[PDB]
Amino acid sequence: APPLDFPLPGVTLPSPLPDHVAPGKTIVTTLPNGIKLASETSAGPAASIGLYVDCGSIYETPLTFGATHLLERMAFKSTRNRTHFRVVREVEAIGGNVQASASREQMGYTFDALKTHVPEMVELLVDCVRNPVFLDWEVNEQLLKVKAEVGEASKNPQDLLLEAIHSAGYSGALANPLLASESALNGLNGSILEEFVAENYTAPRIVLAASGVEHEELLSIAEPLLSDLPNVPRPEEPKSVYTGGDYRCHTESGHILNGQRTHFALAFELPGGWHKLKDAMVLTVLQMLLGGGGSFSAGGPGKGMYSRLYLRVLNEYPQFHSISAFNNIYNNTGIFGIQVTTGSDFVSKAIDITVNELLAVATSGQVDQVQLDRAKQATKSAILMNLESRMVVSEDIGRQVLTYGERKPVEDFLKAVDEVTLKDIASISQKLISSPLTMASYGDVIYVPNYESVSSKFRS
Amino acid sequence: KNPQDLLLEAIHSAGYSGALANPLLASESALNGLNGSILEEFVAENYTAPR
Amino acid sequence: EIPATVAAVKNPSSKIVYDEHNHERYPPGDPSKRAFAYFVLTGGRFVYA
Amino acid sequence: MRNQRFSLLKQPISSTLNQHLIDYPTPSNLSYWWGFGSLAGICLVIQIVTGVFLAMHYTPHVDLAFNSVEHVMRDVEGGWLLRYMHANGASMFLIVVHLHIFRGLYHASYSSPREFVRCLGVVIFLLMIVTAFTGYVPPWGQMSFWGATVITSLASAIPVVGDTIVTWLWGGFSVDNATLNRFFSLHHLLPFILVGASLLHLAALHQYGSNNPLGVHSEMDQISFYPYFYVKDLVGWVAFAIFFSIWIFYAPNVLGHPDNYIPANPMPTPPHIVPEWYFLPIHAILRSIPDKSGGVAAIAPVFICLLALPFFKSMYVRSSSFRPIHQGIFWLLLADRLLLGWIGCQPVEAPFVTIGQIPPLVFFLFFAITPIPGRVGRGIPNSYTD
Amino acid sequence: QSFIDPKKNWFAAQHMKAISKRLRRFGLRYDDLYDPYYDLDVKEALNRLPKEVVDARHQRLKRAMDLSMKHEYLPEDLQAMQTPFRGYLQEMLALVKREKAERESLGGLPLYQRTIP
Amino acid sequence: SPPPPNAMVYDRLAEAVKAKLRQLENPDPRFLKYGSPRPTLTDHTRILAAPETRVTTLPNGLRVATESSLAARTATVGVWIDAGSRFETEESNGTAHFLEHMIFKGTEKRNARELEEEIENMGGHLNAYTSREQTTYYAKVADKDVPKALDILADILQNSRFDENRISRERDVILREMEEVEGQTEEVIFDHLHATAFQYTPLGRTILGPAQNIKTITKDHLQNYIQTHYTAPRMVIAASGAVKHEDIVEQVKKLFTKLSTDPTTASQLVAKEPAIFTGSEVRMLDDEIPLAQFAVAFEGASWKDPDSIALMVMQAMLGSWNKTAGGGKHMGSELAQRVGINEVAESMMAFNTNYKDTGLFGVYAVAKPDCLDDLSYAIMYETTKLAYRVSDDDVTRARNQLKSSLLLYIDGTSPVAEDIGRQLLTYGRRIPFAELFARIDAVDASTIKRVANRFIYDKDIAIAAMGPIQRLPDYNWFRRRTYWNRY
Ligand SMILES: CCCCCCCCCCCCCCCCCC(=O)OC[C@H](COP(=O)(O)OCCN)OC(=O)CCCCCCCCCCCCCCCCC
Ligand code: HEM
Ligand code: HEM
Ligand SMILES: [Zn+2]
């Protein structure tokens, strides 16, 4: 064989594609039993097939706490038709990846490979989801693994603080922890998981999302397998009412002399969720407007090193470790807040600065036109650059068909983005500030201020 | 195993803020910080005649 | 002053000095000498047989 | 645990050999004075094989023994090679063990925690001496007869039990056929006990590891045994084989007395009776005393001192490199021991009586002096400190 | 097989009666005679069963061994309350061996190998 | 008289176990129609269609390549340069990384803040990264902003100016970032491996360089580096997404001037000072660390060497393993099965690096100080059984895995532009997917054995270890284990 600088002689080259290829349209189809099949055509040689379920952390009665973490962990294992050995062998034989994820509202199973293996991908994924047999010894091994994981999960302060916020600020169903607790890790077994799956994996809560597949072939493959599931009315969604609270817990006292930093956060609540599209998009634009920083990051300049938070805090008080704003839009409910890290000698000052900054955002007339235009451009550019990968488009189709029932074209989101103005962000921020405060802290608790006095610094 | 003393120490921590808020049953950081010289200096300073 | 044993860990230089008091090294670039080793050792394995 | 097998060399079948031969940790600065234990093991194996093949052609009777040895040498294919290997390998075996002992004396290997090893070594030495002396008889020459007579009649010097034990040992009234057959059976038996004692000796050493030319703690820098000391042992073995074969093929009678080619004749006595070259120090110490009881009971202090060296408990530095005075005493003891060896092969008159009576005094002043350096030097850090 | 079946053959019935009698004497089941040192598949089958079943097996083995040491047999009433040939191990053993075969077909390595004695 | 099979606490549980095992047995054919665990080779000629890569060489030697797709909404524009830390002079060792850091401040027409606020107001961002042989500066933008981004790139590359205060600030920040990187102890492993395998050559050095050298990195040196190593023939401009080749080429031809016309290529600078593999070890014993980490490396191929595909297949068939993976102990390869069944390591990953005229090939495991002997035995045993007894199923599975990986990694505009640029510097041409495949499925068991017996069997090694490695076998153990006496 010649060196790679000289072409191989006996190859056959399929003809190329035109420089302009009109993109396809999403074709959504529902079976009589409620099973929704969605698909979209793509140009790359790769596919991506997902399977999304409406179950999640909120559907969790106290006798089955911690079930979602294991349901993630027992992802692609011994089914009723093949072993775990055979599943791993099939996946490695075609050369595909496989992954599963679980969050507070919806389950996600994904599987991607090259585009000539579509029937095998569909069949294997549907089998691993629809006919799982939970074997006691495999579940026990997974339980040992999660015990070792949770015992050492105190190396991420960020997610721990976010969980503390979401636990203190709520009272209803949405207050459960997605990560499990040692009680759950000593209460879970195969029967519990099997009953949970049987109860929650009904037909009207499952949608197939594909990224690079013709609709007719995928429908032909997946019609004989999913059409047999019985139809059943969907249970009514649980509820949680926002209730301002406070959380505190000191670190293990073997790590205080090391000068461990102080961490805390603030929070608020939005009456709207994802059904109020304009409010959610305004909230996204506001979050991109606030931005943040890390004092250590080395990524792209376009991350927002000329945002409000960075310039007006870190370049003005260098004592900070890290400031950043976060939000988590849910269905019918939203959240916003700020997380800050600093040593044990600037805490109450940090609270004062952050509450001042929130109220500065609240009052009308404090935002420049350049600021709003830059935030709008950054938000739309981020959305469009996010939509490049096939994984993102499959996940987007699945999540949207779950939530709204139909896919909303990107043009609609861009139009709603362009409608943003100063009065709209002002009114929305007024609605943010009109809600009771949620707070939590970590590290050296003995210095963080009281809840009531800080709460009085705000409005009602 | 002794929740009563635990609650008493928690009360003396939360309800107070001055010297009376100091811990009596110690924590691990000071334990990693203690040695002979610290105890020697403590005794030398605080075990005086008038007391 | 920094320890001698830690200055050699965070300084991955590539200029290494061995101890030539007993064994000299071939100049860098020269081939190996595995074949000559087998050559020398067979002459004794014959005798032992 | 390792729920599936990795190596044959770590399986239960080969665990013992692996752990005690292949992966065993040894100091990395052992010199060539540490090969003589293995070399002596090979010497013992050579003796056993050669003897098992000589004993297929030898008849233990007074009428036949001499003629059967000569039949072996003259009429069996290669039999001269067997006899020469045996009669010279005894000498090689004694040479190697003497060098081993003096190595142990130099770097002070008897001290804690290695006194069980020293005591087992002394027992092994006694077994070696008995075996060689019993086996020098079966050819039934002149020196065989008269050496047996002198040495085994030296046991009637003891009080009242003397004549009884001598007569019971001889199986009769004089050294004759019964003694010959008895000694043959004992000679065939003792070397297997020697093998067992050697294996026990090695286990006792392996339960603490070896010393080193420095005499310090050595647990921070160790290397395995294979291939690093296997090749050094190989060098030693090949040099030893060259030496052994120079003895066998070009000078096989230099290390013996000519009188053993004359069949035993109880009436005439040889004019100068001596045992082999490796019993002459004991023989000189034994004849150094003008008294039978004293002469016999002067050997006992030799073995008592050799067996009681390890139990002095004040010396703190082992190797003689950092001990000038003990080093000089070591060399002077070596010279004196050679002088005893040379004296043990001379007629007993002037000027050899004084030179045979003083070297025993020096040989005992060695085992008396050494604790005095122990004490006088235990307090050395306090005087020379900076 | 045909003749191994008890209900047709007529010895096989005598063989079954003899074995059941010999097992009822010492109060243990036929699946107790299997040994985790023989196969290493019995080890896995017993490593997958629930804890209560293995514990009952251990208690039965200890009872039988004490009886054999003392040179005596269970009383007639506890010999009436016996039931050998009530298995707890055959299906799990078949599962483990079938998985072993299927893994042998497709390359792979064994999951546990015996030591060389 | 005996209790019914539900009258005791253990009989009930036994019956439940048997019931579940009966539930597990009988399968459904309609789910067993398309899948099969036995690997077979496929024909992917129906999907490899891609837009054509159009390459244009300007009369200055410069190359412009694109991949024009007019349906997208974002574009990537960048510059790939044939330079790195290999082509320095033993006195200016960290200059490449320093130049990369300081390139984003100068441009006397535009001060730093105004440039950064342009790009943040533009909606896109530009990154950079350097290595021993390839530096890069590229930007992601929207479709309407491509001319603006290309103008920014040309200005920052051509009209850069340096100032002393910025130099001091950069010097201190780079000392800080050197102190930041010594804490993840894997780039340390590979820096020491690269510094022991190639001692007394250019490839032995490190991209960041000494501190005693960053002390004296004054401006004239940066100017000399720019005027010496950024030459027109050695540069490549690439773009992907919603662009057109003619527009880019005309804008480039109009904009890229004032470049130094040095008639020097990489061929002369690598023809002298070649890369020789020596074979040695470095052992760093600490013993206050909980975990040990080491890598053992053979020598590899080059970019144009016809055996790189075989080495890639070998690396695929010696795959990686981690304690959080879903594969577990059924993971296809052999070394992964050993490491996972016997719980001997934390993680491991077969690696493969290619340079022009040399390469590397190794394992890199992580483990506790109690299991190092079994780990090393399994590693070397499998590495050599490669050259003795390769099987057909393993090779077919490795070929399938390599195809799938090499295509799934090309996803998005930035990966596509990176692909085009790097394949125009390493090969001199971008190989279509059809030729990649036609070369990959032409590597069967015989070729695996041949290349393995050329590269692995009875050759010198280089090792580097860190941590509690007092129980790691010595050099001679590894060196002898590279051949078998059974065969
Ligand atoms: C020719 C006629 C011969 C007749 C016999 C003559 C014997 C003369 C011997 C004189 C030498 C004195 C011997 C004294 C032995 C005990 C002395 C001693 O110190 O033992 C104590 C010591 C441990 O005690 P320690 O810790 O020091 O005291 C604690 C205080 N709180 O204990 C230890 O340290 C343990 C050391 C054990 C190693 C020695 C074991 C005995 C020697 C082994 C040789 C016997 C093997 C024979 C094999 C064949 C048997 C027939
Ligand atoms: C058949 C006779 C003997 C055999 C086979 C033998 C064998 C050995 C071997 C193999 C060793 C360990 C390896 C080495 O250190 O070289 C050893 C150690 C030792 N032997 Fe012997 N030996 C014998 C006789 C003796 C005698 C007679 C003495 C003392 C009177 C003695 C004293 C010692 C000592 C002190 C050591 C300690 C080694 C050290 O300090 O490291 N041995 N022996
Ligand atoms: C199983 C072990 C042994 C057997 C069967 C054996 C056998 C014999 C035989 C049959 C003889 C008489 C043949 C002759 O003298 O030429 C003899 C002589 C002799 N044996 Fe051994 N022997 C063994 C071990 C030993 C050992 C271990 C030693 C010394 C440590 C030794 C030392 C001697 C000596 C010195 C002679 C004298 C030969 C002479 O000087 O001519 N033997 N042996
Ligand atoms: Zn950098």
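Protein chains in written order, with the authors' numbering: chain A, 55 to 514; chain M, 209 to 259; chain E, 72 to 120; chain C, 1 to 386; chain R, 7 to 123; chain B, 44 to 530. We put the beta carbon where it would ideally sit given N, CA and C, even for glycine.
A/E159, DSSP secondary structure in three states: Your numbering for residue 159 of chain A matches position 105 in the first sequence. Three-state DSSP puts A/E159 in coil, outside helix and strand.
Coil, strand or helix - A/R444 by DSSP: Taking the first sequence and counting its residues from 1, the one referred to as residue 444 of chain A is at position 390. The answer is helix: DSSP assigns A/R444 an H, G or I state.
For C/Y384: DSSP bridge partner residues: Counting from one through the fourth sequence, the residue named residue 384 of chain C turns up at place 384. C/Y384 is not bridged to any residue.
Where the beta strand (DSSP E) through A/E206 begins and ends: For this step, residue 206 of chain A is matched to residue 152 along the first sequence. First-last for A/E206: undefined, no H or E at that position.
Given B/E478 as reference, the closest of B/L91, B/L328 and B/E68 once Cα atoms are compared: Working through the sixth sequence from its first residue, we reach residue 478 of chain B at position 435. Closest by alpha carbon: B/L91.
Ligand 1 heavy atom lying under 6 Å from the CB of C/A308: Start at 1 with the first residue of the fourth sequence, and residue 308 of chain C comes out as number 308. Under cutoff, so the answer is yes.
Boundaries (first-last residue) of the alpha helix (DSSP H) holding R/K103: As a working mapping, residue 103 of chain R is identified with position 97 in the fifth sequence. Run containing R/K103: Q96 to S111, per the alpha helix (DSSP H) assignment.
Three or more C-beta pairs below 8 Å linking the region 386-402 of chain B and the region 360-367 of chain B: yes
C/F6, DSSP secondary structure in three states: Here residue 6 of chain C refers to the residue found at position 6 of the fourth sequence. It is coil, neither helix nor strand.
Run of the alpha helix (DSSP H) containing C/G121, from where it starts to where it stops: As a working note, residue 121 of chain C is residue 121 in the fourth sequence. Segment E115 to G135, the alpha helix (DSSP H) holding C/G121.
CB contact flag (residue 22 of chain A, A/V421, <7 Å): Since the first residue shown for chain A is 55 and the last is 514, residue 22 of chain A is missing from the structure and cannot be characterised.
Any non-hydrogen atom of ligand 1 closer than 6 Å to C/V123 Cβ: As a position in the fourth sequence, residue 123 of chain C is number 123, starting the count at 1. Yes; taking the cut-off as 6 Å, the Cβ of C/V123 has a heavy atom of ligand 1 nearer than that.
Outcome for R/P12 when other beta-carbon atoms lying within 10 angstroms are tallied against a minimum of 16: For this step, residue 12 of chain R is matched to residue 6 along the fifth sequence. It counts as exposed.
DSSP state of B/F404 mapped onto helix, strand, coil: Here the question's residue 404 of chain B lines up with position 361 in the sixth sequence. Note: B/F404 maps to strand in three-state DSSP.
Cβ-Cβ distance between R/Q20 and C/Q4 below 7 Å: Here the question's residue 20 of chain R lines up with position 14 in the fifth sequence. Here the question's residue 4 of chain C lines up with position 4 in the fourth sequence. No. Outside cutoff.
Under 8 Å from the C-beta of A/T137: neighbouring residues of chain R: On the first sequence, position 83 is the one that residue 137 of chain A refers to. Correct list: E105 and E108.
Coil, strand or helix - C/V302 by DSSP: Within the fourth sequence, residue 302 of chain C is the residue found at index 302, counting from 1. Here C/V302 sits in helix by DSSP.
Partners in chain R for B/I491, counting only beta-carbon separations shorter than 7 Å: By one-based count along the sixth sequence, residue 491 of chain B stands at place 448. None at all; the shortest Cβ gap to chain R is about 16 Å.
Backbone secondary structure at B/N397 - three-state DSSP: By one-based count along the sixth sequence, residue 397 of chain B stands at place 354. In this structure, B/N397 counts as strand in the three-state DSSP scheme.
Any chain M beta carbon closer than 7 Å to A/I405: The residue labelled residue 405 of chain A in the question sits at position 351 within the first sequence. Closer than 7 Å: no.
Helix, strand or coil at B/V120 [DSSP, three-state]: The residue labelled residue 120 of chain B in the question sits at position 77 within the sixth sequence. In the structure shown, B/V120 sits in a strand (DSSP, three-state: E or B).
Best match in A/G98, A/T66, A/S93 and A/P56 for proximity to B/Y452 [C-alpha to C-alpha]: Walking along the sixth sequence from the start, residue 452 of chain B turns up at place 409. When only C-alpha atoms are compared, the closest one is A/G98.
Inter-residue Cα distance where the pair is C/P290 and C/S383: Looking up residue 290 of chain C in the fourth sequence gives position 290. Looking up residue 383 of chain C in the fourth sequence gives position 383. Roughly 48 Å between the two C-alpha positions.
Any non-hydrogen atom of ligand 2 within 6 Å of C/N211 CB: Within the fourth sequence, the letter at position 211 stands for residue 211 of chain C. At least one heavy atom of ligand 2 is nearer than 6 Å to the Cβ of C/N211, so yes.
Where the alpha helix (DSSP H) through B/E223 begins and ends: Sequence index remark: in the sixth sequence, residue 223 of chain B carries index 180 (1-based). Start and end: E207 to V224.
Chain A contact residues for R/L112, given Cβ-Cβ distances below 9 Å: As a first step, residue 112 of chain R must be located in the fifth sequence, where it is residue number 106. The answer, in chain order, is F139, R140 and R143.
B/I422: CB within 6 Å of a non-hydrogen atom of ligand 3: As a working note, residue 422 of chain B is residue 379 in the sixth sequence. Checking every heavy atom of ligand 3 against the Cβ of B/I422, none is found closer than 6 Å.
Residue burial classification, C/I193 (beta-carbon count within 10 angstroms, cutoff 16): In the fourth sequence, counting from the first residue as 1, residue 193 of chain C sits at position 193. It is exposed - the Cβ of C/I193 has fewer than 16 other Cβ atoms within 10 Å.
Residue range of the unbroken alpha helix (DSSP H) whose run includes A/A404: Within the first sequence, the letter at position 350 stands for residue 404 of chain A. It spans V401 to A416 - the alpha helix (DSSP H) in which A/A404 sits, taken as one unbroken run.
Whole runs of the alpha helix (DSSP H) within the region 55-112 of chain C, excluding any shorter than 4 residues: 65-75 and 79-106
Buried or exposed by the 16-neighbour rule on C-beta atoms within 10 Å, applied to C/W170: Here residue 170 of chain C corresponds to residue number 170 of the fourth sequence, with the count starting at 1. Counting Cβ neighbours within 10 Å, C/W170 comes out buried, since at least 16 surround it.
A/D427, DSSP secondary structure in three states: Within the first sequence, residue 427 of chain A is the residue found at index 373, counting from 1. Helix.
The beta strand (DSSP E) enclosing A/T316, as first and last residue numbers: Indexing the first sequence from 1 puts residue 316 of chain A at position 262. Unbroken beta strand (DSSP E) run through A/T316: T316 to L324.
Per-residue contacts from E/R116 into chain B (C-beta, under 8 Å): Here the question's residue 116 of chain E lines up with position 45 in the third sequence. None at all; the shortest Cβ gap to chain B is about 13 Å.
Proximity test, C/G215 beta-carbon vs ligand 3 heavy atom, cut-off 6 Å: Sequence index remark: in the fourth sequence, residue 215 of chain C carries index 215 (1-based). No - ligand 3 has no heavy atom lying nearer than 6 Å to the Cβ of C/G215.
B/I199 versus B/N170 - alpha carbon distance: Position 156 of the sixth sequence, counted from the start, is the residue given in the question as residue 199 of chain B. Position 127 of the sixth sequence, counted from the start, is the residue given in the question as residue 170 of chain B. For B/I199 and B/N170, the distance between alpha carbons rounds to 13 Å.
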